[PDB]
Amino acid sequence: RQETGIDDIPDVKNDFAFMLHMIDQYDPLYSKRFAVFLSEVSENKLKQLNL
Amino acid sequence: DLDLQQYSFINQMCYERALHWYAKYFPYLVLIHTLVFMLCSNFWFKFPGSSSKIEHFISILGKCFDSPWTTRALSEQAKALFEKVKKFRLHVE
Amino acid sequence: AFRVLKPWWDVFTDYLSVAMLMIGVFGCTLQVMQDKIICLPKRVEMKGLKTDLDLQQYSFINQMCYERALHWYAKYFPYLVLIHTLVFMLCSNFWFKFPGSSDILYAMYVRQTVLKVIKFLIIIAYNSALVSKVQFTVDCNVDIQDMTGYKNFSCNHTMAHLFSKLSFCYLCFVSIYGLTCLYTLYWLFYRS
Amino acid sequence: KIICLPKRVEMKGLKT
Amino acid sequence: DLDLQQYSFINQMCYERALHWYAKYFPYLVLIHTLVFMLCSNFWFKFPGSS
């Protein structure tokens, strides 16, 4: 959120939080790439791109 | 002055009685315990109820990481994948 | 077609049948190489007790008392386990091996579950008595005189105690399997 | 292996 | 005038007592050293974080 300046993607539930921790233990960059699709503004932009 | 049959009988009897059971079963015992370890590790994926969630998460994370549009946003067909992403986020929450 | 038709209780039953199958084959081999009765003439500073019996007589005595004394269930326990596990596997796979079935399907599945439950019940009921029957040592009073001169013999079976050990654990497995079916039985008679 | 012994005859062995 | 059983007994006893442990364990020792070696060497690939 502080890096890409995206204020969406606030938090996750217990399962998602723990399994995100597991992924970070495996690879933080996978977490970075996976987080992108939670950004609502990203969805707005890609819907505009499709339009 | 003991024939061979007597010697074999003595071996059998004293082997069953005198020798302790732990020495008689240690390899099988260790094998059992390592099987228990392997099975308890594998049951995390052999349980279908959570296995479905795990496999779906693997697929969705692989697709999302593979998407170049994600990196573009960091700076097309992923629009349909946004719906899968939101559905997974809601359901597995 | 092969995986989705396996609920967790079905998977548990299949894995239990696999494990008890490997137990059964292991016992069958152990009978193959090390199952050998060993016999001696029973009735008679310390010295030896030479019995002046050449090797052939010992072999004849071994076989005679091995047939006469060692219990038929004790002899056939590995065969018993192997045959029962093969029957369990075949009755499990007959659901898909039947050409016609590849609401009669539900009735056939109910019949198979009932057959498995009854098999478990009978197995427990008779194994409970039979397990104590096998003994490590054994005594046979066989009229082998005029051939060796002895008549009362003490023998011991190599796998006997080992078998009993395994046999005891086997008992528990059976109960577990039945319990699994019981749950499925409850699923067939609590929800309809 | 049919195993055979001669037949017609405190006890001891019957060394043949 | 020792029956074969006593000979085998003597063999095993003097085996365990007299013969030095190096002779008894040398092959197994070699196996453990080799397995540690190729495991340590393969750990470069087997470690997913840098994999």
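The numbering of chain C matches Swiss-Prot: 16-59, 95-152, 256-345, in order.
Quick check of the header: electron microscopy, 3.7 Å.
Cβ atoms are placed via backbone N, Cα and C, with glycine included.
Listed features, source Swiss-Prot:
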- C:23-47: transmembrane segment (TRANSMEM)
- C:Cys54-C:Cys308: disulfide bond (DISULFID)
- C:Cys115-C:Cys293: disulfide bond (DISULFID)
- C:125-144: transmembrane segment (TRANSMEM)
- C:263-284: transmembrane segment (TRANSMEM)
- C:285-314: topological domain 'Extracellular' (TOPO_DOM)
- C:315-339: transmembrane segment (TRANSMEM)
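Structure with Swiss-Prot features highlighted.
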{"residue": "C:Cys54", "record": "disulfide bond", "Cβ within 10 Å": "26"}
{"residue": "C:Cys115", "record": "disulfide bond", "Cβ within 10 Å": "23"}
{"residue": "C:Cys293", "record": "disulfide bond", "Cβ within 10 Å": "21"}
{"residue": "C:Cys308", "record": "disulfide bond", "Cβ within 10 Å": "23"}
Counting by DSSP secondary structure, give me helix, strand and coil numbers for the topological domain 'Extracellular' (C:285-314).
2 helix, 11 strand, 17 coil
Checking distant contacts: for the transmembrane segment (C:263-284), what same-chain residues at least six beyond its ends satisfy Cβ-Cβ under 8 A?
28, 123, 134, 137-138, 141-142, 144-145, 317, 320-321, 323-324, 327-328, 330-331, 334-335, 337-338, 341
Same-chain Cβ contacts of the transmembrane segment (C:125-144) under 8 Å, 6 or more residues past its ends?
28-29, 32, 35-36, 38-40, 42-43, 45-46, 265, 268-269, 272, 276, 287, 316, 320, 323
In angstrom units, rounded to an integer, how far apart are the Cα atoms of C:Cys308 (disulfide bond) and C:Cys293 (disulfide bond)?
8
Compute the C-alpha separation of C:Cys54 (disulfide bond) from C:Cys115 (disulfide bond), stating it in Å without decimals.
8
So, in DSSP terms, is C:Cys115 (disulfide bond) helix, strand, or coil?
helix
Helix, strand or coil: which one is C:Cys54 (disulfide bond) in, per DSSP?
strand
